[PDB]
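K.L.:
Take this structure first; my questions come after.
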Amino acid sequence: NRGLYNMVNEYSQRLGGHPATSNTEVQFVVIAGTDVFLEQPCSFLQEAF
Amino acid sequence: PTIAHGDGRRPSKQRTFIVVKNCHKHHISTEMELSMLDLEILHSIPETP
């Protein structure tokens, strides 16, 4: 809901708001993972394809 | 070598691999034949054309 110049900052600023496990056989959420590198555009603009 | 990381992770110390490679051995052999009539003339001395 915040600013567009804040929600592009909070996108790329390593938020990991809705992350997932990379190579885990069963998908999990990461426990504050800084090792993996990921970005979720479906959390920013809120649309599934 | 190792990258120094600022995020809290289990840091790999100074690693050093000691890998050895053992040689192979290939032994080849053909088998040639020689007639004894071609050796009884080889081990003589001739006085005839």
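To be explicit about the labels: the chains of the structure tokens are called A, B, and onward in the order shown, and within each one the residues are counted from 1, while ligands get numbers from 1 in the order they are shown.
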For the alpha helix (DSSP H) assignment from backbone DSSP, which residues of chain B qualify? Please present them as a ChimeraX atom specification.

P.N.:
/B:37-40

K.L.:
Up to 9 Å from chain A, what residues of chain B turn up? Count only C-alpha atoms and give them as number ranges by chain.

P.N.:
B: 7-9

K.L.:
Need to verify the contact set: residue A:15, 10 Å, only C-alpha atoms, exclusion of same-chain residues closer than 2 positions in sequence. Can you return it as an MDAnalysis selection string?

P.N.:
chainID A and resid 9:13 17:19 32 34 38:40

K.L.:
Could you jot down the atom CA of residue A:5 to atom CA of residue A:44 separation for me, Å, one decimal place?

P.N.:
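So the two atoms, atom CA of residue A:5 and atom CA of residue A:44, lie 12.3 Å apart.
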
K.L.:
Determine the nearest neighbour of residue A:8 from the options A:20, A:45, A:36, A:31, counting only C-alpha atoms.

P.N.:
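Checking each of A:20, A:45, A:36, A:31 against residue A:8, counting only C-alpha atoms, the winner is A:45.
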
K.L.:
Could you give me, as a list in words, the residues within 12 Å of residue B:15, counting only C-alpha atoms and dropping anything in the same chain fewer than 4 positions from it?

P.N.:
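Listing them by chain and then by number gives residues 1, 2 and 11 of chain B.
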
K.L.:
Would you export the selected residues with N, CA and C atoms as a PDB file, in the first residue's frame, please?

P.N.:
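Okay, result-v7.pdb is ready:
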ATOM      1  N   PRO B   1      40.670 -21.084  -2.041  1.00  0.00           N
ATOM      2  CA  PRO B   1      40.361 -19.830  -1.352  1.00  0.00           C
ATOM      3  C   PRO B   1      38.892 -19.772  -0.954  1.00  0.00           C
ATOM      4  N   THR B   2      38.562 -18.770  -0.137  1.00  0.00           N
ATOM      5  CA  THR B   2      37.230 -18.648   0.444  1.00  0.00           C
ATOM      6  C   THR B   2      36.821 -17.183   0.485  1.00  0.00           C
ATOM      7  N   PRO B  11      31.288 -20.700   8.445  1.00  0.00           N
ATOM      8  CA  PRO B  11      32.331 -20.339   7.484  1.00  0.00           C
ATOM      9  C   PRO B  11      33.357 -21.437   7.283  1.00  0.00           C
TER      10      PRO B  11
END

K.L.:
Could you jot down the atom CA of residue A:47 to atom CA of residue A:7 separation for me, Å, one decimal place?

P.N.:
15.4 Å
